[PDB]
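> pasting an experimental structure with its sequence.
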Amino acid sequence: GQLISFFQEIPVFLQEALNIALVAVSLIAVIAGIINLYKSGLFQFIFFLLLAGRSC
Amino acid sequence: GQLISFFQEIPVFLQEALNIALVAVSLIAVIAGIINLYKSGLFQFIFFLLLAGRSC
Amino acid sequence: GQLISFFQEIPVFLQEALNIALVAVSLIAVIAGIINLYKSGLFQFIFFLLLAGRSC
Amino acid sequence: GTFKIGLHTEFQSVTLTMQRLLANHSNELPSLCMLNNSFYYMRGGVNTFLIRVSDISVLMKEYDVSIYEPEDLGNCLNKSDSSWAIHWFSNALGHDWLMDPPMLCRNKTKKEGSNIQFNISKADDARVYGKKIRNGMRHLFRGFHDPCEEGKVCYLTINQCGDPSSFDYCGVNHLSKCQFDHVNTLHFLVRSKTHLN
Amino acid sequence: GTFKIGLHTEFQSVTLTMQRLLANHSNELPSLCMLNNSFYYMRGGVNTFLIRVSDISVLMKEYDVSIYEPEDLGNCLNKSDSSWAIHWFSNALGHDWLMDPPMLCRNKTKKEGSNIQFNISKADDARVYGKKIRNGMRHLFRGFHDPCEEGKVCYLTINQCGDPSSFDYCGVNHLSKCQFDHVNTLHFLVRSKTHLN
Amino acid sequence: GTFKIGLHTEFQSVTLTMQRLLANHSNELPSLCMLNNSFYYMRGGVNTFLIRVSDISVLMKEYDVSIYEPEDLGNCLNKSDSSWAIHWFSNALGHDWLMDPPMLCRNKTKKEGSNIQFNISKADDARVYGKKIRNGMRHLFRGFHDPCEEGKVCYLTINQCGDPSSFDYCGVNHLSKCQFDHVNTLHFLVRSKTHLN
Amino acid sequence: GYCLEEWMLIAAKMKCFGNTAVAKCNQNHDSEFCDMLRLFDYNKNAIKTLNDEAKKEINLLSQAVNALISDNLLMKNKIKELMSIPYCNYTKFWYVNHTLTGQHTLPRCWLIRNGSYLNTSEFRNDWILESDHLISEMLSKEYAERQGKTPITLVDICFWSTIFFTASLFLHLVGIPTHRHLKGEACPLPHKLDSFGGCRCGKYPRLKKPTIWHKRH
Amino acid sequence: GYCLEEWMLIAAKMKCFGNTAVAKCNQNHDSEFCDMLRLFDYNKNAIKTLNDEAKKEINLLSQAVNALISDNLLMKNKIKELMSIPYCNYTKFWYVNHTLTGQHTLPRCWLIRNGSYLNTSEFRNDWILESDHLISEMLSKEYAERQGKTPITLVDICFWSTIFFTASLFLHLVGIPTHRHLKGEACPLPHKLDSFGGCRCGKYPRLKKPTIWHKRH
Amino acid sequence: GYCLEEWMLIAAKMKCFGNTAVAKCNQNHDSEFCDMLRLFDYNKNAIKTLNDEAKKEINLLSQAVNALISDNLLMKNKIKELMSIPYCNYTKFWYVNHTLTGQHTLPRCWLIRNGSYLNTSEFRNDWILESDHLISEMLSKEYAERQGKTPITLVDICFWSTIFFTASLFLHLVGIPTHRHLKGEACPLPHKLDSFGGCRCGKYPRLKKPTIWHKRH
Ligand SMILES: *[C@@H]1O[C@H](CO)[C@@H](O[C@@H]2O[C@H](CO)[C@@H](O[C@@H]3O[C@H](CO)[C@@H](O)[C@H](O)[C@@H]3O)[C@H](O)[C@H]2NC(C)=O)[C@H](O)[C@H]1NC(C)=O
Ligand SMILES: *[C@@H]1O[C@H](CO)[C@@H](O[C@@H]2O[C@H](CO)[C@@H](O[C@@H]3O[C@H](CO)[C@@H](O)[C@H](O)[C@@H]3O)[C@H](O)[C@H]2NC(C)=O)[C@H](O)[C@H]1NC(C)=O
Ligand SMILES: *[C@@H]1O[C@H](CO)[C@@H](O[C@@H]2O[C@H](CO)[C@@H](O[C@@H]3O[C@H](CO)[C@@H](O)[C@H](O)[C@@H]3O)[C@H](O)[C@H]2NC(C)=O)[C@H](O)[C@H]1NC(C)=O
Ligand SMILES: *[C@@H]1O[C@H](CO)[C@@H](O[C@@H]2O[C@H](CO)[C@@H](O[C@@H]3O[C@H](CO)[C@@H](O)[C@H](O)[C@@H]3O)[C@H](O)[C@H]2NC(C)=O)[C@H](O)[C@H]1NC(C)=O
Ligand SMILES: *[C@@H]1O[C@H](CO)[C@@H](O[C@@H]2O[C@H](CO)[C@@H](O[C@@H]3O[C@H](CO)[C@@H](O)[C@H](O)[C@@H]3O)[C@H](O)[C@H]2NC(C)=O)[C@H](O)[C@H]1NC(C)=O
Ligand SMILES: *[C@@H]1O[C@H](CO)[C@@H](O[C@@H]2O[C@H](CO)[C@@H](O[C@@H]3O[C@H](CO)[C@@H](O)[C@H](O)[C@@H]3O)[C@H](O)[C@H]2NC(C)=O)[C@H](O)[C@H]1NC(C)=O
Ligand SMILES: *[C@@H]1O[C@H](CO)[C@@H](O[C@@H]2O[C@H](CO)[C@@H](O)[C@H](O)[C@H]2NC(C)=O)[C@H](O)[C@H]1NC(C)=O
Ligand SMILES: *[C@@H]1O[C@H](CO)[C@@H](O[C@@H]2O[C@H](CO)[C@@H](O)[C@H](O)[C@H]2NC(C)=O)[C@H](O)[C@H]1NC(C)=O
Ligand SMILES: *[C@@H]1O[C@H](CO)[C@@H](O[C@@H]2O[C@H](CO)[C@@H](O)[C@H](O)[C@H]2NC(C)=O)[C@H](O)[C@H]1NC(C)=O
Ligand SMILES: *[C@@H]1O[C@H](CO)[C@@H](O)[C@H](O)[C@H]1NC(C)=O
Ligand SMILES: *[C@@H]1O[C@H](CO)[C@@H](O)[C@H](O)[C@H]1NC(C)=O
Ligand SMILES: *[C@@H]1O[C@H](CO)[C@@H](O)[C@H](O)[C@H]1NC(C)=O
Ligand SMILES: *[C@@H]1O[C@H](CO)[C@@H](O)[C@H](O)[C@H]1NC(C)=O
Ligand SMILES: *[C@@H]1O[C@H](CO)[C@@H](O)[C@H](O)[C@H]1NC(C)=O
Ligand SMILES: *[C@@H]1O[C@H](CO)[C@@H](O)[C@H](O)[C@H]1NC(C)=O
Ligand SMILES: *[C@@H]1O[C@H](CO)[C@@H](O)[C@H](O)[C@H]1NC(C)=O
Ligand SMILES: *[C@@H]1O[C@H](CO)[C@@H](O)[C@H](O)[C@H]1NC(C)=O
Ligand SMILES: *[C@@H]1O[C@H](CO)[C@@H](O)[C@H](O)[C@H]1NC(C)=O
Ligand SMILES: *[C@@H]1O[C@H](CO)[C@@H](O)[C@H](O)[C@H]1NC(C)=O
Ligand SMILES: *[C@@H]1O[C@H](CO)[C@@H](O)[C@H](O)[C@H]1NC(C)=O
Ligand SMILES: *[C@@H]1O[C@H](CO)[C@@H](O)[C@H](O)[C@H]1NC(C)=O
Ligand SMILES: [Zn+2]
Ligand SMILES: [Zn+2]
Ligand SMILES: [Zn+2]
Ligand SMILES: [Zn+2]
Ligand SMILES: [Zn+2]
């Protein structure tokens, strides 16, 4: 509910420099964390767990 | 005194999801930091400095 | 304006332990980030971009 | 009546009413409504009166009854069921009985009915009581305006509705189309001595 | 009276008294207490009076003293040192002697002492006096209940304690068991015109 | 009068005044000032008055005209242009012409001129009017260190300035030294019944 | 929250106002809408309980009108009317409503001049600031609720733990030397050398030779 | 903090209340406990000032009662009394006290109905909410004390410095390419390639060949 | 913001006060400076509006003094004067002013005892605490304004994104195993091993032998 309400108010919030800065930092942080998890091997570990001894 | 007062109020603080999340994040961060100092040589450097030229 | 206004108020702010801790951690973080960027080669990349095919 | 003010916020308005409450407990508190500059109205219980301010004077001080006692002021009341509304209006306007100039009245035998008249002219021996009465009407009636002229003659008139002195204006005509103002009652029930009275 | 609300918060209460203010400032802070529906006491200075409401009053308008002037009110007191307590009670009860029917009382020498009576019966010619005195008592005495019934006879009795008519209810017995309220004396002293008087 | 209070913050003070409000609108609100421990002055409209309290009294109760009515008090003034300021000061002190001891004056044709005197002595038959008058004067004038002593004579004297009895203490030569206070007006223009009058 | 039945409105049905907006009337005494709500609540209470008994010889209605209504506001409005400047006649109230969340501001008087309602262009700044204040209050209520349940000490602990973890990561990347190496010599492990290069074992004499720092190898 | 002497209480010893709890009485005109405290303080002032001299010819106590006691609150209590609903008779006050910290709430009336103190089950929603408000007030007071000494500009500077350092660490892990490499050729160090891949030295002709980026090697 | 004319001051010129300090007078009925400002505003309105026309037959000034100033404050000052303790006579007001930013506190009475002003030493704690409160208000205004424009949900999103990114960096440094290795054997890539170490292809029998975890090789 909180996330939906926040998303419904984005145009009001996205009128100030700090809000745009925070949104950009959040998006960059999430994207880079996803990249790091992909590079570190969390996705590979999950794939191995889901298909352990069932494919080659 | 602030830490003692906060510790005396844990049962009432640990009733909201955000407080539990913050406590878990703090504990994980401290544990991972201790591991990193163990994995980066801070403990070894301190041990060497304390026993520099005094033992083998 | 905010930065210069905060700079004119440093002596009054530098009376509490938390403010001194925040200033110290901010300075250490900025210095370490500059060192990391120098070590990661971002400054080398900028230098290469500025003098690409113009000097050796 | 509602227009967009931002993105999701909207300008909205609400209108409240207290006239029903004025009628709900119509006793011990009248309802006051002003028709226009020279006409004012008063409804107490089941009896409605007309307040008129103008320069005319149909009633004279020579061969007509004058009211002194606060108890016998019911002479200008053909249906003498109760003049409590008139008495309470009179002593809420700021008028006094011990040392204040009296007001005119008319015999109930005459067909003209109630013709309670006040002298509020701005002239000699009349700038002490007239100003006080006009301040009282300012405090009771919200949009009161002075229709008199400085240095000239001007009077005040109170007539029960339905009488010839009230003409055809009363009945199911003016008082029906008039809207009782609750600020008049709010100013009318407060006794703090900090008001215009 | 203390119980746990949360894991650390505890319900607590404090009881406040203002007997020292009333006792020390006896002349400045009259103290009013209520025994029950029909009995009340007033304690001013070093003398205590009895305020009683009952349907019966053994008096008569023919051969009983009636008090008009605000100066000869000290007659209704066997030890006529001072009747300032009755003076304050009358002027704070909402009872003005200028234009309000007076009271009835017994002789000083007769063996019943002060028996000042206010005729507050809800009947003809007493639908203003009785209501005003009732409102005054309601103002001055918290928890005031009226046993007077409409269409019948009722009276208000005033008697300084120790008289034969005061009976054994006075003395250091019921007077002590009755608790003086400071809300009564707060209502007794504030002059804002917004009270029940 | 500014000194450093901290690093960048500073201690500053501002002095306010109401001279223009109390001078450009001198009518309907006189300005009062406490010149001495016993000397006080009232400036209503365009005429200045002297108000003093002491034990020496020049007025006598044998061959001098007294004042009982709030209307004939204008006779007690040699230059009887307007004594509305005297009347309004008198009824703002809390003095009531109905049930209070009256006041005397000097003949207008007499050389010494007008001299209004009050009896506020702390003695028998004078502890009711004097206390109320002194309380009203405490309300009107900020400081009031009365010289009246128990069991001794003490009188309040009002003298319109310009009279020979007023001495050089009036006129342009003096009076100006006293500072008119707006707090006096604030305590002087409010009718809340919760004051010392 | 607080609701007004149909008989208290003009050309409208029953409508309800939020508790938070009405809660602003708890300590407010310079608001006409709060006074009107107080009058309505007093009427509702009196009809519910006091009207049932026929003992209505006591004017608690008046004793409340002069008590729960701020006469200072009435006299200020009267003074404004006598100065021919806009005032409130306790008839029409305007507010700013957030359509999505449903929470709004405390209604304000629609001022009247010359006996006519002011158009929505003379007090344009008033409702612009009302919308801005509504947005600010909506954003600050969440902060107030967070501060009323989340300790400052817990936030401080989390922030300092994050700083400690970031510093630990930094020291992990850069690496900290674990033992000294003699200049021109091999690794002196397992012996430990002081600033002088000696050791208690006696193998390395205390010649005060310079030493360097090396990380794990 | 503020303390009440023996004669001000019933069957209790001297009791002291915190400054924060009694600080609410500074602007509150709707609290009976604040009125009682004001009366007690006025009496205490009068004993030390208006008792050494017999000049007490002025009704200053009555004037103060007319001034420091909210007549509106007393009239509201009288109306509630006459409307057969619970009211306050200024004798018993209840509050929620945090035992450990010793800081509590402002005491509230223990309403009396039918001349009897309501049991602690009819206003059950009052003291539970009051304890919740006490905890919220403690946490909010901690937050306000923090915000009154620590500038928000310094907090923003620290947060942005932490973000900058974390981004620097991220680029440290990933590594930024320094110089371009030709397709299937070694790096042209110490020479540098332009956007077209050529060299100003003439060694590398400007053939507009595609180039790729590589990190330190 | 608000400015006082030349005739309103003694031995000074026109002085201007900030709106925020003046805005504290909206609900402050316990400050003498606010009452004096209200009197000045009423005088200004009367001169501009109620003075040009000859209709000045109504004594609105008395009713203004009745309502536009706090009578209880006047009576409290009178009581303080009658008890020979410091009081305000509405002439001199002191405040604490920040020189650089121009933000200043609401002016407070310069109390007088025995007809003389205090010597700035008997209320030293008053102005020390007032300067401290001014600093606290300056620091807290920025926090309030920031919370009025920046949502707390966005701050929470940024904080949790930073925590997620830091955790991702930690798992980047430490590394996470991607496939199992049989004990005593080589890497079984590209084949995958289950918990029992068997393969659906039949190459690796399900012997339930223990297995270890290794990262990418
Ligand atoms: C209502 O009060 C006004 C106050 O002006 C009265 O009008 C005035 O009436 C008098 C006669 O009563 C007119 O004559 C004047 O009388 C005396 C001497 O007898 C003196 O003031 C003048 O020399 C003049 O002769 C006077 O002109 C008239 N004033 C005005 C301004 O019109 C009026 O009579 C009162 N009405 C009632 C019904 O009592
Ligand atoms: C406060 O002042 C305003 C402005 O004078 C008053 O507004 C007036 O409200 C009445 C209803 O109370 C309106 O009459 C209505 O008008 C239309 C038809 O014209 C229709 O809705 C109804 O049949 C009714 O007649 C009136 O037009 C309106 N006047 C203006 C100028 O807008 C308001 O009544 C005052 N509050 C009081 C007296 O309590
Ligand atoms: C105290 O006041 C009450 C009224 O509040 C007085 O009682 C009333 O006295 C009048 C006297 O005229 C009675 O009127 C007449 O009484 C008798 C008996 O009915 C008879 O002559 C007539 O039929 C007529 O009613 C009236 O009835 C009576 N009311 C009641 C309810 O008893 C009472 O006299 C006053 N006491 C004193 C000492 O003044
Ligand atoms: C102003 O009022 C005062 C009272 O407050 C009047 O003074 C009083 O004068 C009478 C007449 O002498 C004194 O009464 C009697 O005096 C004799 C002589 O000593 C003695 O037997 C008793 O004292 C007796 O009561 C009274 O004491 C005295 N009071 C004082 C000291 O002020 C005064 O006459 C009034 N003056 C005017 C102008 O009205
Ligand atoms: C406000 O109303 C309440 C409720 O009626 C009053 O409470 C009463 O307080 C008195 C003491 O002031 C209690 O009397 C005490 O009772 C016991 C048993 O005797 C004992 O603790 C003492 O010896 C004393 O007698 C009384 O029981 C109590 N009533 C109830 C119903 O709880 C309170 O006094 C009123 N406040 C004022 C200022 O009158
Ligand atoms: C409130 O009480 C204070 C303290 O009594 C009053 O302060 C007084 O203010 C006046 C000016 O309004 C000062 O007079 C000035 O003195 C010097 C020397 O002449 C000069 O600056 C001016 O020419 C002027 O005369 C006076 O000294 C000062 N008194 C004290 C004891 O400091 C203040 O006036 C009172 N406010 C009122 C009555 O509204
Ligand atoms: C603000 O606007 C909202 C949205 O229109 C109003 O919420 C409506 O309230 C009415 C009351 O009768 C309901 O019937 C509707 O279902 C509500 N709509 C919703 C929840 O989307 C709200 O009442 C308004 N606030 C006011 C008028 O004070
Ligand atoms: C809230 O509770 C605390 C803890 O009991 C109270 O602090 C004690 O109060 C008692 C009252 O008799 C004193 O004797 C003690 O000295 C206090 N301190 C300690 C450490 O026990 C506190 O007073 C209570 N607050 C109130 C009643 O307002
Ligand atoms: C607070 O102090 C500042 C210091 O700059 C004052 O600002 C100056 O005030 C003087 C008063 O004589 C003016 O002449 C200057 O022009 C002001 N400088 C500016 C506005 O930059 C400020 O007025 C003080 N605040 C007060 C007195 O309320
Ligand atoms: C007021 O209305 C009445 C209606 O009868 C009319 O006669 C009168 O002339 C009007 N007055 C003004 C001043 O317009
Ligand atoms: C009214 O007229 C009647 C009938 O002529 C007469 O008896 C009575 O006295 C008159 N009243 C007044 C007050 O003049
Ligand atoms: C009230 O208490 C008194 C105490 O003397 C008693 O005599 C009386 O019967 C009680 N009841 C009533 C209804 O007065
Ligand atoms: C009381 O009776 C006496 C005679 O015993 C008498 O002189 C006196 O006037 C009476 N008082 C009254 C009736 O007030
Ligand atoms: C009062 O002040 C005046 C000022 O002229 C002075 O003449 C007189 O002597 C003073 N009186 C006393 C006793 O202070
Ligand atoms: C003043 O004296 C004259 C006689 O000379 C007399 O007529 C007049 O009435 C006296 N003054 C007063 C006010 O009585
Ligand atoms: C105000 O109302 C009056 C009376 O109806 C009208 O004459 C005037 O034009 C209106 N407008 C102004 C600006 O006075
Ligand atoms: C009032 O504002 C409305 C807004 O729609 C406009 O249409 C109308 O003309 C305005 N009336 C005026 C300016 O008299
Ligand atoms: C009120 O109190 C009386 C006296 O104790 C009792 O008889 C009655 O039943 C009570 N009723 C209510 C409604 O509380
Ligand atoms: C409150 O209710 C409880 C229920 O167990 C009862 O024991 C207690 O006496 C009551 N308290 C009162 C009536 O004060
Ligand atoms: C107070 O002022 C008086 C004069 O009004 C003076 O005599 C006295 O000494 C002063 N007291 C103090 C303590 O300064
Ligand atoms: C008042 O303070 C000043 C500061 O300069 C000092 O010189 C003076 O002696 C003080 N006066 C008193 C009466 O303490
Ligand atoms: Zn090594
Ligand atoms: Zn070794
Ligand atoms: Zn090259
Ligand atoms: Zn492998
Ligand atoms: Zn396989």
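Yep, that arrived. Numbers count the residues shown, from 1 in each chain, chains lettered A, B, ... in the order given. Ligands and ions are numbered 1, 2, ... in the order given.
> break down the chain into its helices, ranges please.
By default, I'm working from chain A. Listed in chain order, the helices found in chain A under DSSP state H are A:2-8, A:10-13, A:17-40, A:42-50.
> wait, I meant chain G there
Taking DSSP H as the test, the helices found in chain G are G:19-23, G:32-45, G:60-65, G:71-82, G:124-149, G:152-174.
> which one, of these, ends up nearest to residue C:2?
Proximity to residue C:2, assessed across those by CB to CB, is greatest for helix G:124-149 (19.3 Å). Heads up, the C-betas are built off the backbone N, CA and C, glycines and all.
> separation between the residue lying closest to residue G:83 once chain neighbours are set aside and residue E:48?
Counting by CB to CB, 6 or more residues apart in numbering or on different chains, residue I:49 is the residue found nearest to residue G:83 once chain neighbours are left out, at 4.7 Å. In this structure, residue I:49 and residue E:48 are 60 Å apart, going by CB to CB, to the nearest Å.
> who's more crowded, these two?
When neighbours are counted by other CB atoms under 10 Å in any protein chain shown, residue I:49 and residue E:48 differ, and residue E:48 comes out ahead with 20 against 14.
> would you say that one is within a helix?
No - read with DSSP: H, G, I helix; E, B strand; the rest coil, residue E:48 is strand and lies in no helix.
> check contacts around it.
The neighbours of residue E:48, taking CB atoms under 8 Å, 6 or more residues apart in numbering or on different chains as the test, are E:41-42, E:160-161, E:170, E:175.
> how much space is there between it and residue E:86?
Using CB to CB, one gets 12 Å for the distance from residue E:48 to residue E:86.
> do residue D:144 as well
In this view, residue D:144 and residue E:86 are 45 Å apart by CB to CB.
> give me the phi and psi angles of residue D:88.
Main-chain torsions, residue D:88, degrees, to the nearest 10: phi -70, psi -40.
> wait, doesn't residue D:163 sit right on residue D:113?
Yes - if you go by CB atoms under 8 Å, residue D:163 and residue D:113 touch, sitting 2.8 Å apart.
> where do the contact lists of the two overlap?
Taking CB under 8 Å, 6+ apart as the contact rule, residue D:163 and residue D:113 both touch residue D:78.
> closest residue of chain A to chain G?
Each residue of chain A has a distance to chain G, by CB to the nearest CB, and the smallest belongs to residue A:8, at 6.0 Å.
> ok, that residue touching residue G:100?
Yes - counting by CB under 8 Å, a contact exists between residue A:8 and residue G:100, whose distance comes to 6.0 Å.
> quick one on the thing from earlier: for residue I:157, which of the helices of chain G is the nearest?
If you check each of the helices of chain G against residue I:157 by CB to CB, helix G:124-149 wins as the nearest, at 12.9 Å.
> anything in the closest one near chain B?
Yes - with CB under 8 Å from any CB of the partner chain as the threshold, helix G:124-149 lies in contact with chain B, specifically through G:146, G:149.
> so does that helix get close to chain A?
Yes - Helix G:124-149 is in contact with chain A by CB under 8 Å from any CB, via residue G:135.
> just want the angle from that helix to helix I:152-174.
Relative orientation of helix G:124-149 versus helix I:152-174 (axes from the mean of the first three to the mean of the last three CA atoms, to 10 degrees): 50 degrees.
> now helix G:124-149, how far from the centre of its chain.
7 Å (CA atoms, centre = their mean, to the nearest Å).
> against which helices or strands is that helix packed?
helix B:17-40, strand D:9-15, strand G:92-98, helix H:124-149, helix I:124-149, helix I:152-174 (3 or more CB pairs under 8 Å, 6 or more residues apart in numbering or on different chains; DSSP states H and E).
> winner for burial among those?
Neighbour counts (mean count of other CB atoms under 10 Å in any protein chain shown) averaged over each of the helices and strands packed on helix G:124-149 peak at strand G:92-98, with a mean of 21.
> from the rest of the structure, what touches that strand?
Applying CB under 8 Å, 6+ apart, the external contacts of strand G:92-98 come out as D:5, D:8-16, G:21, G:32-33, G:36, G:104-110, G:117, G:127, G:130-131, G:134, G:138.
> can you spell out which residues form a bridge with residue D:3?
Partner residues in beta bridges with residue D:3, using DSSP bridges, are residue D:11.
> that one against residue D:12, yeah?
No - Residue D:3 is beyond contact range of residue D:12, at 9.4 Å (criterion: CB under 8 Å).
> nearest spatial neighbour of whichever residue of chain A sits closest to ligand 26, skipping sequence neighbours?
When distances are taken as CB to the ion, chain A reaches nearest to ligand 26 at residue A:56, 3.9 Å away. Beyond its immediate neighbours in the sequence, the residue positioned closest to residue A:56 (CB to CB, 6+ apart) is residue I:191, lying 4.6 Å away.
> ok, now residue G:86?
Leaving out its chain neighbours, residue G:86 is closest to residue G:111 (CB to CB, 6+ apart), at 3.6 Å.
> right, and the one you found touches residue G:88 too?
Yes - judged on CB under 8 Å, residue G:111 makes contact with residue G:88 at a distance of 6.2 Å.
> so for these two, which residue has more residues nearby?
Counting neighbours by other CB under 10 Å for residue G:111 and for residue G:88 shows that residue G:88 has the greater number, 23 against 19.
> got the phi/psi numbers for the more buried one?
Main-chain dihedrals, residue G:88, degrees, to the nearest 10: phi -110, psi 130.
> for the residue nearest to it when sequence neighbours are not counted, give the beta-bridge partners.
Distances taken as CB to CB, 6+ apart place residue G:109 nearest to residue G:88, at 3.6 Å, with adjacent residues excluded. With DSSP bridges applied, the residues forming beta bridges to residue G:109 are residue G:93.
> in contact with the residue of chain A closest to chain G, which residues?
Here residue A:8 is in contact with D:8, G:100 (criterion: CB under 8 Å, 6+ apart).
> what does residue A:4 give?
Residues near residue A:4 by CB under 8 Å, 6+ apart: none.
> for chain A, which residue gets nearest to chain C?
With CB to the nearest CB as the measure, the residue in chain A that lies nearest chain C is residue A:18; the distance is 11.1 Å.
> what helix or strand is the residue in chain D positioned nearest to ligand 24 on?
Distance from ligand 24 to each residue of chain D (CB to the ion) is smallest for residue D:7, at 57.7 Å. For residue D:7, there is no helix or strand it lies in under DSSP states H and E.
> ok, it to residue A:22 distance?
Taken as CB to CB, the span from residue D:7 to residue A:22 is 19 Å.
> also residue G:20?
Between residue G:20 and residue A:22 the distance, using CB to CB, works out to 27 Å.
> would you confirm that residue G:60 contacts residue G:46?
Yes - using CB under 8 Å, residue G:60 and residue G:46 qualify as a contacting pair, with a distance of 7.0 Å.
> coming back round to it: so who does the residue nearest to residue G:86 touch?
With contacts defined as CB under 8 Å, 6+ apart, the neighbours of residue G:111 are G:86-88, G:118, G:123.
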